[PDB]
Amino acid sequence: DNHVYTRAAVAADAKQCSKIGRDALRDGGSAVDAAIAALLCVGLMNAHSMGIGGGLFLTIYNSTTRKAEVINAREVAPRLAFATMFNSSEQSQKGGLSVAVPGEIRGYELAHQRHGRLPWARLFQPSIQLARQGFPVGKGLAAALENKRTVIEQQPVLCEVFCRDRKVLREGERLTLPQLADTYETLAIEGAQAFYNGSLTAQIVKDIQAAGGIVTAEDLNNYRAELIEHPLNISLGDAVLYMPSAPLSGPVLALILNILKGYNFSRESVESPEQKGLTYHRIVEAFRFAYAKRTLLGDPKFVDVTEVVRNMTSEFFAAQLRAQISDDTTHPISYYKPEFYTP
């Protein structure tokens, strides 16, 4: 009710899922078991945001060894993909051709193999129940359903679960996910292999291909979640911050914070409107300097990013950009030197 807890805590975007995380902890799960259990739930209650058809990254800290690690389970382009495969935004956003190889379940598996304390099946149990029984639609999902009402109502396979009497579900109305409940049940009993190289695989490929996609059984068989033993860190006062490097945005985050740390913000930075307005102006300028360098980033396995990244986490480099922030004015785009190619 105050949400200050003596022993442990789960912060998720649905109360029911934070609770499912919490119970995992109570029954002796590691922080990873709890994250997995809660994620499986969020994939049901906030089905518009995330799920087993997508990808994930986990940052994990072990208080005993004092080591942080990152698990990369983000989607990858199918093997039949190529640079000029799309000719409109619509082609990249809708239908089977827009689908990248899902990494979610391989990510849960790796994380669980390294850090799990509860049995795999136990992590699925409460979400199987929830998907079968149903739940009232939450605030976030109801707004997403509204936003995309037209597309949902015109697509009978989405209307099957996301409508009631041919119109999108509203907040408070009951959402049931009977097919997903069965898929979760299969995953819980057969493990991750059921999705990638097992009893669900041919159906996955058939569904993606029927909607115009190009994902094959080989794509799924070959997918691997990746352990990263040395995540990005930066020093901030007496603390360190761990976060994912490229292809994620830890280097942008690092650059924003390293720019701003040389201003020595404190309570006083927001105490009067004069300080407050200058402080927020400096924040926007650091956003703009950091987003300037973002366009050089990509998957480090395909693009050499090591020098870009070394700059973006350098304090000296950040002090250089800080000295170009004017207190009295913002600037045109070219001032920040956005770059699309290395020098």
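For every residue, the number given is its place in the sequence shown, counted from 1.
As listed in the deposited structure, the average C-alpha B-factor of 164-172 and of 239-247 is greater for 164-172. When the two stretches 43-51 and 300-308 are set side by side, the higher mean Cα temperature factor goes to 300-308. In the deposited entry, the Cα temperature factor of residue 27 places it in the highest third of its chain's modelled residues.
In the PDB entry, a CA B factor belonging to the lowest third of its chain's modelled residues is recorded for residue 325. When all modelled residues of the chain are sorted by CA temperature factor, residue 253 is found within the lowest third. Sort the chain's modelled residues by C-alpha temperature factor and residue 295 lands in the highest third, per the entry. Placement of the Cα temperature factor of residue 213 within the chain: middle third of the modelled residues, per the deposited record.
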